[PDB]
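Here is the structure we will look at, set down as structure tokens.
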Amino acid sequence: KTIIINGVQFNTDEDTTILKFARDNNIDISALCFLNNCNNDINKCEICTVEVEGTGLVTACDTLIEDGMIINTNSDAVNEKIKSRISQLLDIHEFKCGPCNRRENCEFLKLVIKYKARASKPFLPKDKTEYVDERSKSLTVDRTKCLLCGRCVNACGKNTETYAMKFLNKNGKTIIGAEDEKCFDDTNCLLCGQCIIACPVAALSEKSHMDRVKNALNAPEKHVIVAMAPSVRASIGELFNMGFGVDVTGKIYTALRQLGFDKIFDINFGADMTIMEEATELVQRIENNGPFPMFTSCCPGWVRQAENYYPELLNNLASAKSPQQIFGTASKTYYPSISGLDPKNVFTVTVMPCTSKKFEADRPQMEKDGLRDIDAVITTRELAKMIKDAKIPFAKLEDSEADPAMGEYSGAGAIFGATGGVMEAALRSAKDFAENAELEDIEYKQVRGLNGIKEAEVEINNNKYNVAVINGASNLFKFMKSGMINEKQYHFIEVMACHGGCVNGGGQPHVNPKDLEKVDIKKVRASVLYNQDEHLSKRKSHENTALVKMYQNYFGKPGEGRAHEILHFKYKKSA
Ligand code: 402
Ligand code: SF4
Ligand code: SF4
Ligand code: SF4
Ligand code: SF4
Ligand code: FES
Ligand SMILES: [Mg+2]
Ligand SMILES: [Mg+2]
């Protein structure tokens, strides 16, 4: 093929789109609705308009290059077409970037500025209440920002295959929303927030818990614990311009203290707890020769998927609470016993890469004696906003350490946030537990990485066992519907609803789709976690000294009695 673009001749054998070819050759073509290798098939945004001599104006994102094509990306006709589309989008867009939560990284604003577009009539609703949906415990919608680009719909389809995000005909107008325009929580939605990650503007957001947190912090009698997820320390730096793949663990501990939190712990402590309980259960099942398979239960997106699509597997889930809720449980029981705090005055806050965690924390039965395991959950993005509002110079902060009692963690706990992390961590303990040994080879590289479905054969006490790692909600559907689960007897299966694991969670920093072209965000965020594991002295959950003391002095033997009654949670199907 010979192609001419803006007077420049190219010779190529490639079969690809105008958009992809131009960008591979440093030619600028704007786009909006094209993402995840899909555009909006009905009602295309046409921001990728280019001119093909002989043909006219075409959409570059879904038009293949052809031999003999003469292309102009920046002619008068092209720019006025694009400007006109943006102008029309402004006509249905509350253009008020001041108090907008996407002010600093909005795709639409950048386009508006680039083409100097203006609305034919500014959209200024007086009563936004009919445009906003805040019913969900996890997600919120503000349709005064929505461009109807379909990016959330395609991402839901591609990441989960549930199609819980749909186009709807509402009062004769097109919107996006859940089936029947119900609250997402009341549908098959996983509350995973991949739709939010896909959104170019502030139409989709997390359900805020920031007011819960600020109120607890300012409440005189409240003692506010905070603990961040594995993934946060590998990610939040992005939002302070520190680059990608930067370990900012110590800076976070420092920032949290400056925010006024009363105790700094870590969810990775909770991860080690979950392994204590879950590895014990795995060994138990092995000894009882069943039931198999056991599934992880730490991902609330997967739990909702099981509840909504495979309720028969609910009994197969590990009874151990997630690191979040198991941590919380201990924060209202164990922690008062070593601090003298009144349990009622403890207010437990987590920082998560996840929107689904908010729903998990607000489950009615996730409490004991009237005390919630977890009182608030803020996303990585929310914590970043609190830090900036407080004018804390994050990139300049000196490192501090966590408070040790529920703050220490092993390398096993640290890798939880990557797909295959829970699996690897769990095997390191299950092998030691079952063989009554302290084995030296602890790295299970076979369950790592971005393959959608991963399997391995493991030898535990000189018997062979089959494990699988399901990487993404759509891959759980594939695993089940394809019958792959029946090709052999699986004994232990990890499921994460977000591809890449929690490092790619719905509460994570948005990433410029151009930076995404340059950076493997799932691998670079994960690399921070495996790096920590590499350099930690303790690399098994049961070698966590603060945790061992907690079990020795308070809970007793894991997976049994006191531990079972308090630290476990079983999901049940309808009769
Ligand atoms: N609870 C919990 Fe987890 C832990 O530890 C997080 O905090 Fe995850 C992360 N990062 C999230 O969100 S949940 C799914 N299991 C893997 S990691
Ligand atoms: S979504 Fe973007 S363009 Fe719209 S008000 Fe917010 S920052 Fe401005
Ligand atoms: S939260 Fe997840 S399952 Fe629900 S609509 Fe968004 S992408 Fe789909
Ligand atoms: S919510 Fe966001 S991603 Fe979905 S159609 Fe509206 S602007 Fe596009
Ligand atoms: S994979 Fe992690 S971030 Fe994604 S829904 Fe599950 S727990 Fe949340
Ligand atoms: S980016 Fe090509 S039609 Fe939207
Ligand atoms: Mg298409
Ligand atoms: Mg206070």
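Chain lettering (A, B, ...) mirrors the order of the structure tokens, residue numbering begins at 1 for each chain separately, and ligand numbering begins at 1 in order of display.
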Residues of segment 66-138 of chain A at most 10 Å from segment 3-10 of chain A: nearest atom pair and distance in Å, only C-alpha atoms, as a Markdown table:
```
| residue | atom | partner | partner_atom | distance |
| --- | --- | --- | --- | --- |
| A:66 | CA | A:3 | CA | 7.3 |
| A:67 | CA | A:3 | CA | 6.1 |
| A:68 | CA | A:3 | CA | 5.7 |
| A:69 | CA | A:3 | CA | 5.3 |
| A:70 | CA | A:4 | CA | 4.7 |
| A:71 | CA | A:5 | CA | 4.6 |
| A:72 | CA | A:6 | CA | 5.0 |
| A:73 | CA | A:6 | CA | 6.8 |
| A:74 | CA | A:6 | CA | 7.9 |
| A:75 | CA | A:6 | CA | 9.1 |
```
Find the spatial neighbours of residue 385 of chain A, counting only C-alpha atoms, within a cut-off of 9 Å - ignore same-chain residues fewer than 5 positions away - and output them as a ChimeraX atom specification.
/A:101,380,390
Residues within 6 Å of ligand 1 should be enumerated using only C-alpha atoms and all ligand atoms and returned as a list in words.
residues 229, 230, 231, 267, 268, 271, 298, 299, 322, 323, 324, 352, 353, 354, 416, 417 and 502 of chain A
May I have the residues within 7 Å of residue 460 of chain A as a list in words, using only C-alpha atoms and disregarding those fewer than 2 positions away in the same chain?
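My reading of the contact set: residues 431, 434, 458, 462, 463 and 464 of chain A.
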Selected residue of minimal separation from residue 232 of chain A among A:118, A:391, A:381, A:151, counting only C-alpha atoms:
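For residue 232 of chain A, the nearest of the given residues is A:381.
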Give as a ChimeraX atom specification the residues surrounding ligand 5 up to a distance of 8 Å, considering only C-alpha atoms and all ligand atoms.
/A:190-193,298-302,352-357,417,419,472,495-507
Restricting the output to N, CA and C atoms, write the selected residues as a compact mmCIF listing (two decimals), in the first residue's frame.
```
# COMPACT_ATOMS: atom_id res chain seq x y z
N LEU A 190 -21.79 -5.45 38.82
CA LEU A 190 -20.77 -5.89 39.77
C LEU A 190 -20.24 -4.75 40.66
N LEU A 191 -20.60 -3.52 40.30
CA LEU A 191 -20.15 -2.29 40.98
C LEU A 191 -18.63 -2.13 40.93
N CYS A 192 -18.03 -2.78 39.92
CA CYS A 192 -16.58 -2.80 39.70
C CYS A 192 -16.01 -1.47 39.23
N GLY A 193 -16.86 -0.61 38.67
CA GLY A 193 -16.42 0.73 38.29
C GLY A 193 -15.52 0.82 37.05
N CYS A 298 -12.40 -12.51 48.39
CA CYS A 298 -11.93 -11.16 48.76
C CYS A 298 -12.34 -10.04 47.81
N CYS A 299 -12.75 -10.42 46.61
CA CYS A 299 -13.21 -9.45 45.59
C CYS A 299 -14.73 -9.33 45.58
N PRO A 300 -15.25 -8.17 46.02
CA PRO A 300 -16.71 -8.02 46.11
C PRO A 300 -17.39 -7.96 44.74
N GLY A 301 -16.61 -7.69 43.69
CA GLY A 301 -17.12 -7.69 42.32
C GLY A 301 -17.44 -9.12 41.91
N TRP A 302 -16.51 -10.01 42.22
CA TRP A 302 -16.66 -11.44 41.98
C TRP A 302 -17.78 -12.00 42.86
N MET A 352 -9.09 2.45 49.07
CA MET A 352 -9.17 1.33 48.12
C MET A 352 -9.07 1.75 46.65
N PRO A 353 -8.52 0.87 45.80
CA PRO A 353 -8.52 1.14 44.36
C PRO A 353 -9.85 0.74 43.73
N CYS A 354 -10.91 0.70 44.53
CA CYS A 354 -12.11 -0.06 44.20
C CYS A 354 -13.39 0.66 44.61
N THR A 355 -14.39 0.62 43.74
CA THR A 355 -15.70 1.17 44.08
C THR A 355 -16.58 0.11 44.73
N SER A 356 -16.35 -1.15 44.39
CA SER A 356 -17.17 -2.26 44.87
C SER A 356 -17.00 -2.45 46.39
N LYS A 357 -15.83 -2.07 46.89
CA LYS A 357 -15.51 -2.15 48.33
C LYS A 357 -16.48 -1.33 49.18
N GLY A 417 -2.68 -7.12 45.44
CA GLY A 417 -3.29 -6.25 44.46
C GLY A 417 -3.04 -6.59 42.99
N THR A 419 -3.21 -9.60 39.86
CA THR A 419 -3.87 -10.86 39.54
C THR A 419 -2.90 -12.01 39.77
N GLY A 472 -10.21 -11.19 35.58
CA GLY A 472 -11.25 -10.37 34.96
C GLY A 472 -12.62 -11.06 34.99
N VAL A 495 -10.52 -15.57 41.81
CA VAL A 495 -11.22 -14.71 40.86
C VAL A 495 -11.09 -13.23 41.23
N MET A 496 -10.64 -12.42 40.28
CA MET A 496 -10.68 -10.96 40.40
C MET A 496 -11.58 -10.42 39.31
N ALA A 497 -12.43 -9.45 39.64
CA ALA A 497 -13.36 -8.93 38.63
C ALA A 497 -12.69 -7.96 37.64
N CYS A 498 -11.62 -7.28 38.07
CA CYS A 498 -10.91 -6.35 37.19
C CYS A 498 -9.67 -6.98 36.55
N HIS A 499 -9.56 -6.92 35.22
CA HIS A 499 -8.38 -7.49 34.54
C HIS A 499 -7.08 -6.78 34.97
N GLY A 500 -6.11 -7.57 35.43
CA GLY A 500 -4.89 -7.04 35.99
C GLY A 500 -4.91 -7.13 37.50
N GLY A 501 -6.10 -7.37 38.05
CA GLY A 501 -6.28 -7.36 39.49
C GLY A 501 -6.60 -5.96 40.02
N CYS A 502 -6.52 -5.80 41.34
CA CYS A 502 -6.92 -4.55 41.99
C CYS A 502 -6.13 -3.32 41.52
N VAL A 503 -4.93 -3.52 40.96
CA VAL A 503 -4.16 -2.37 40.47
C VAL A 503 -4.90 -1.67 39.32
N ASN A 504 -5.80 -2.40 38.68
CA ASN A 504 -6.63 -1.83 37.62
C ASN A 504 -8.09 -1.61 38.10
N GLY A 505 -8.26 -1.34 39.40
CA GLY A 505 -9.58 -1.16 39.98
C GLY A 505 -10.37 0.06 39.52
N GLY A 506 -11.69 0.02 39.73
CA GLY A 506 -12.56 1.11 39.32
C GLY A 506 -12.41 2.42 40.10
N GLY A 507 -11.59 2.41 41.14
CA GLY A 507 -11.38 3.61 41.94
C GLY A 507 -10.01 4.21 41.73
```
Would you pick out the contacts of residue 244 of chain A at 10 Å or less, using only C-alpha atoms, so that residues sharing its chain but fewer than 5 positions from it are not included, and give the list as an MDAnalysis selection string?
chainID A and resid 234:239 515 519:521 524:525 528
Near-residue 100 of chain A list (12 Å; only C-alpha atoms; drop same-chain fewer than 5 positions) as a list in words:
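Residues near the query, excluding close chain neighbours: residues 94, 95, 105, 106, 109, 142, 144, 145, 201, 202, 203, 204, 205 and 385 of chain A.
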Taking only C-alpha atoms and all ligand atoms into account, report as number ranges by chain which residues have an atom no farther than 8 Å from an atom of ligand 4.
A: 33, 141-143, 145-153, 175-176, 195-196, 198-204
Exercise answer, 10 Å around ligand 6 with only C-alpha atoms and all ligand atoms, as a PyMOL selection string:
chain A and resi 19+29-35+38-50+58-63+149-151
Limited to C-alpha atoms, could you put the picked residues into a file as a compact mmCIF listing (two decimals), in the first residue's frame?
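Writing done, so here's result31.txt:
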```
# COMPACT_ATOMS: atom_id res chain seq x y z
CA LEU A 19 -6.23 6.44 13.18
CA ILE A 29 -5.67 12.72 14.98
CA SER A 30 -8.12 13.56 17.74
CA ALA A 31 -10.59 10.97 19.00
CA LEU A 32 -13.26 10.72 21.70
CA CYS A 33 -15.56 7.70 21.57
CA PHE A 34 -12.80 5.31 20.39
CA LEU A 35 -11.40 3.31 23.36
CA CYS A 38 -14.03 0.06 19.94
CA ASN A 39 -15.94 3.21 19.03
CA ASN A 40 -19.62 4.18 19.39
CA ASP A 41 -21.14 2.27 16.47
CA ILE A 42 -24.48 4.02 16.74
CA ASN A 43 -24.11 7.80 16.79
CA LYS A 44 -20.31 8.03 16.28
CA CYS A 45 -18.71 11.08 17.86
CA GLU A 46 -16.91 11.87 14.56
CA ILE A 47 -14.10 13.68 16.43
CA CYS A 48 -11.68 11.49 14.45
CA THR A 49 -12.87 13.00 11.18
CA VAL A 50 -10.37 13.11 8.31
CA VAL A 58 -14.57 9.74 7.09
CA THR A 59 -14.08 8.53 10.64
CA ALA A 60 -10.41 7.55 10.99
CA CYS A 61 -10.96 5.28 14.00
CA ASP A 62 -12.98 2.66 12.07
CA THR A 63 -11.90 3.17 8.44
CA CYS A 149 -19.91 8.39 23.79
CA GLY A 150 -20.77 4.82 24.79
CA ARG A 151 -17.30 4.26 26.28
```
I need the residue nearest residue 309 of chain A from this list: A:187, A:57, A:16, A:132. Use only C-alpha atoms for the distance.
A:187
Check every protein, DNA and RNA residue against ligand 8, keep those with an atom at most 9 Å away (counting only C-alpha atoms and all ligand atoms), and present them as an mmCIF file with C-alpha atoms, in the first residue's frame.
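Resulting contents of selection_35.cif:
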```
data_model
loop_
_atom_site.group_PDB
_atom_site.id
_atom_site.type_symbol
_atom_site.label_atom_id
_atom_site.label_comp_id
_atom_site.auth_asym_id
_atom_site.auth_seq_id
_atom_site.Cartn_x
_atom_site.Cartn_y
_atom_site.Cartn_z
ATOM 1 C CA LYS A 214 -14.117 14.415 57.390
ATOM 2 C CA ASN A 215 -16.993 14.295 59.874
ATOM 3 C CA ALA A 216 -15.390 11.432 61.803
ATOM 4 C CA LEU A 217 -12.013 13.231 61.784
ATOM 5 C CA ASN A 218 -13.529 16.419 63.218
ATOM 6 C CA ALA A 219 -15.661 14.552 65.759
ATOM 7 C CA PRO A 220 -13.859 15.013 69.121
ATOM 8 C CA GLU A 221 -14.572 11.573 70.617
ATOM 9 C CA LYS A 222 -13.928 9.621 67.406
ATOM 10 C CA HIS A 223 -10.647 7.740 67.006
ATOM 11 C CA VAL A 224 -10.155 7.366 63.266
ATOM 12 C CA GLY A 260 -5.379 14.179 61.032
ATOM 13 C CA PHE A 261 -5.941 10.422 61.152
ATOM 14 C CA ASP A 262 -5.369 9.005 64.635
#
```
Got a sec to tell me which of segment 138-346 of chain A DSSP assigns to helix (DSSP H, G or I), as a PDB file with C-alpha atoms, in the first residue's frame?
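What ended up in selection_17.pdb:
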```pdb
ATOM      1  CA  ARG A 151     -17.298   4.261  26.277  1.00  0.00           C
ATOM      2  CA  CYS A 152     -18.787   3.041  29.589  1.00  0.00           C
ATOM      3  CA  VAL A 153     -21.168   0.687  27.773  1.00  0.00           C
ATOM      4  CA  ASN A 154     -18.357  -0.832  25.665  1.00  0.00           C
ATOM      5  CA  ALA A 155     -16.079  -1.164  28.688  1.00  0.00           C
ATOM      6  CA  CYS A 156     -18.766  -2.920  30.744  1.00  0.00           C
ATOM      7  CA  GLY A 157     -19.403  -5.267  27.804  1.00  0.00           C
ATOM      8  CA  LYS A 158     -15.710  -5.970  27.288  1.00  0.00           C
ATOM      9  CA  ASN A 159     -14.531  -6.167  30.937  1.00  0.00           C
ATOM     10  CA  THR A 160     -17.481  -7.992  32.537  1.00  0.00           C
ATOM     11  CA  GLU A 179     -31.465  -1.894  33.271  1.00  0.00           C
ATOM     12  CA  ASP A 180     -34.902  -0.244  33.605  1.00  0.00           C
ATOM     13  CA  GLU A 181     -33.034   2.795  34.961  1.00  0.00           C
ATOM     14  CA  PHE A 184     -27.150  -0.299  39.804  1.00  0.00           C
ATOM     15  CA  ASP A 185     -27.006  -2.119  43.142  1.00  0.00           C
ATOM     16  CA  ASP A 186     -30.384  -3.713  42.337  1.00  0.00           C
ATOM     17  CA  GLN A 194     -14.664  -0.186  35.018  1.00  0.00           C
ATOM     18  CA  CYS A 195     -17.260   2.105  33.414  1.00  0.00           C
ATOM     19  CA  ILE A 196     -15.944   5.008  35.459  1.00  0.00           C
ATOM     20  CA  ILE A 197     -12.394   4.306  34.362  1.00  0.00           C
ATOM     21  CA  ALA A 198     -13.625   4.400  30.752  1.00  0.00           C
ATOM     22  CA  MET A 210     -15.312  11.929  51.909  1.00  0.00           C
ATOM     23  CA  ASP A 211     -17.920  13.606  54.099  1.00  0.00           C
ATOM     24  CA  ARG A 212     -18.158  10.481  56.304  1.00  0.00           C
ATOM     25  CA  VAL A 213     -14.407  10.663  56.806  1.00  0.00           C
ATOM     26  CA  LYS A 214     -14.117  14.415  57.390  1.00  0.00           C
ATOM     27  CA  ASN A 215     -16.993  14.295  59.874  1.00  0.00           C
ATOM     28  CA  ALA A 216     -15.390  11.432  61.803  1.00  0.00           C
ATOM     29  CA  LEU A 217     -12.013  13.231  61.784  1.00  0.00           C
ATOM     30  CA  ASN A 218     -13.529  16.419  63.218  1.00  0.00           C
ATOM     31  CA  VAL A 232      -2.774   2.494  46.508  1.00  0.00           C
ATOM     32  CA  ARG A 233       0.979   2.739  47.266  1.00  0.00           C
ATOM     33  CA  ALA A 234       1.700   1.741  43.650  1.00  0.00           C
ATOM     34  CA  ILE A 236      -1.632   7.456  43.800  1.00  0.00           C
ATOM     35  CA  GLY A 237       1.676   9.101  42.843  1.00  0.00           C
ATOM     36  CA  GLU A 238       0.315   9.353  39.302  1.00  0.00           C
ATOM     37  CA  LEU A 239      -2.070  12.083  40.437  1.00  0.00           C
ATOM     38  CA  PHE A 240       0.766  14.188  41.833  1.00  0.00           C
ATOM     39  CA  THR A 249       4.232   3.995  50.556  1.00  0.00           C
ATOM     40  CA  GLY A 250       6.103   6.134  53.107  1.00  0.00           C
ATOM     41  CA  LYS A 251       4.753   9.373  51.628  1.00  0.00           C
ATOM     42  CA  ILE A 252       1.208   8.067  52.056  1.00  0.00           C
ATOM     43  CA  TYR A 253       1.714   7.245  55.735  1.00  0.00           C
ATOM     44  CA  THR A 254       3.031  10.802  56.193  1.00  0.00           C
ATOM     45  CA  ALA A 255       0.163  12.399  54.290  1.00  0.00           C
ATOM     46  CA  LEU A 256      -2.436  10.459  56.281  1.00  0.00           C
ATOM     47  CA  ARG A 257      -0.951  11.699  59.571  1.00  0.00           C
ATOM     48  CA  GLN A 258      -1.011  15.253  58.246  1.00  0.00           C
ATOM     49  CA  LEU A 259      -4.675  14.765  57.335  1.00  0.00           C
ATOM     50  CA  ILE A 267      -4.827  -3.402  54.665  1.00  0.00           C
ATOM     51  CA  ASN A 268      -1.849  -5.613  53.784  1.00  0.00           C
ATOM     52  CA  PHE A 269      -1.985  -6.597  57.487  1.00  0.00           C
ATOM     53  CA  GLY A 270      -5.558  -7.685  56.738  1.00  0.00           C
ATOM     54  CA  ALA A 271      -4.311  -9.577  53.671  1.00  0.00           C
ATOM     55  CA  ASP A 272      -1.983 -11.635  55.884  1.00  0.00           C
ATOM     56  CA  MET A 273      -4.992 -12.288  58.159  1.00  0.00           C
ATOM     57  CA  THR A 274      -7.072 -13.466  55.201  1.00  0.00           C
ATOM     58  CA  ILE A 275      -4.289 -15.844  54.200  1.00  0.00           C
ATOM     59  CA  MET A 276      -4.062 -17.171  57.785  1.00  0.00           C
ATOM     60  CA  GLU A 277      -7.760 -18.051  57.652  1.00  0.00           C
ATOM     61  CA  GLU A 278      -7.985 -19.059  53.972  1.00  0.00           C
ATOM     62  CA  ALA A 279      -4.839 -21.207  53.796  1.00  0.00           C
ATOM     63  CA  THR A 280      -6.062 -23.034  56.913  1.00  0.00           C
ATOM     64  CA  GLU A 281      -9.421 -23.666  55.194  1.00  0.00           C
ATOM     65  CA  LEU A 282      -7.678 -24.909  52.038  1.00  0.00           C
ATOM     66  CA  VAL A 283      -5.626 -27.430  54.034  1.00  0.00           C
ATOM     67  CA  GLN A 284      -8.812 -28.449  55.868  1.00  0.00           C
ATOM     68  CA  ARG A 285     -10.651 -29.074  52.592  1.00  0.00           C
ATOM     69  CA  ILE A 286      -7.713 -31.071  51.264  1.00  0.00           C
ATOM     70  CA  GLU A 287      -7.844 -33.253  54.388  1.00  0.00           C
ATOM     71  CA  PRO A 300     -16.709  -8.019  46.110  1.00  0.00           C
ATOM     72  CA  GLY A 301     -17.125  -7.692  42.323  1.00  0.00           C
ATOM     73  CA  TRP A 302     -16.664 -11.436  41.983  1.00  0.00           C
ATOM     74  CA  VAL A 303     -18.908 -12.072  45.004  1.00  0.00           C
ATOM     75  CA  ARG A 304     -21.673 -10.059  43.365  1.00  0.00           C
ATOM     76  CA  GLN A 305     -20.999 -11.977  40.126  1.00  0.00           C
ATOM     77  CA  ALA A 306     -21.392 -15.270  41.988  1.00  0.00           C
ATOM     78  CA  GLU A 307     -24.546 -13.977  43.711  1.00  0.00           C
ATOM     79  CA  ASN A 308     -26.116 -12.800  40.444  1.00  0.00           C
ATOM     80  CA  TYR A 309     -25.005 -15.505  38.011  1.00  0.00           C
ATOM     81  CA  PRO A 311     -25.444 -18.762  43.314  1.00  0.00           C
ATOM     82  CA  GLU A 312     -24.580 -22.473  43.392  1.00  0.00           C
ATOM     83  CA  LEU A 313     -20.930 -21.514  43.942  1.00  0.00           C
ATOM     84  CA  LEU A 314     -21.650 -19.371  47.023  1.00  0.00           C
ATOM     85  CA  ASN A 315     -21.007 -22.316  49.348  1.00  0.00           C
ATOM     86  CA  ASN A 316     -17.677 -22.940  47.577  1.00  0.00           C
ATOM     87  CA  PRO A 323      -8.672  -8.186  53.916  1.00  0.00           C
ATOM     88  CA  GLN A 324     -10.835  -5.067  54.239  1.00  0.00           C
ATOM     89  CA  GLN A 325     -13.600  -6.580  56.354  1.00  0.00           C
ATOM     90  CA  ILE A 326     -11.339  -8.935  58.331  1.00  0.00           C
ATOM     91  CA  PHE A 327      -9.162  -5.931  59.191  1.00  0.00           C
ATOM     92  CA  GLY A 328     -12.222  -3.982  60.202  1.00  0.00           C
ATOM     93  CA  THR A 329     -13.535  -6.799  62.381  1.00  0.00           C
ATOM     94  CA  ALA A 330     -10.231  -6.915  64.273  1.00  0.00           C
ATOM     95  CA  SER A 331     -10.162  -3.104  64.507  1.00  0.00           C
ATOM     96  CA  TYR A 334      -8.550  -6.796  68.921  1.00  0.00           C
ATOM     97  CA  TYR A 335      -7.460  -3.185  68.611  1.00  0.00           C
ATOM     98  CA  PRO A 336      -9.499  -1.906  71.594  1.00  0.00           C
ATOM     99  CA  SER A 337      -8.042  -4.778  73.658  1.00  0.00           C
ATOM    100  CA  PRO A 343     -14.938   0.132  70.585  1.00  0.00           C
ATOM    101  CA  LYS A 344     -17.880   2.478  69.880  1.00  0.00           C
ATOM    102  CA  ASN A 345     -15.490   5.396  69.361  1.00  0.00           C
TER     103      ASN A 345
END
```
As a list in words, please: the residues near residue 415 of chain A (cut-off 10 Å, only C-alpha atoms, same-chain neighbours under 4 positions excluded).
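That gives residues 230, 231, 268, 271, 410, 411, 419, 420, 421, 422, 423, 424, 425, 526, 527, 528, 529, 530, 531, 532 and 533 of chain A.
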Could you check which of A:53, A:130, A:161, A:104 is closest to ligand 3, using only C-alpha atoms and all ligand atoms?
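Closest to ligand 3 of all the choices is A:161.
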Which of these residues is nearest to residue 479 of chain A, using only C-alpha atoms: A:362, A:455, A:91, A:399?
A:455
May I ask for the distance between atom CA of residue 376 of chain A and atom CA of residue 350 of chain A, given in Å to one decimal place?
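We find that atom CA of residue 376 of chain A and atom CA of residue 350 of chain A lie 6.6 Å from each other.
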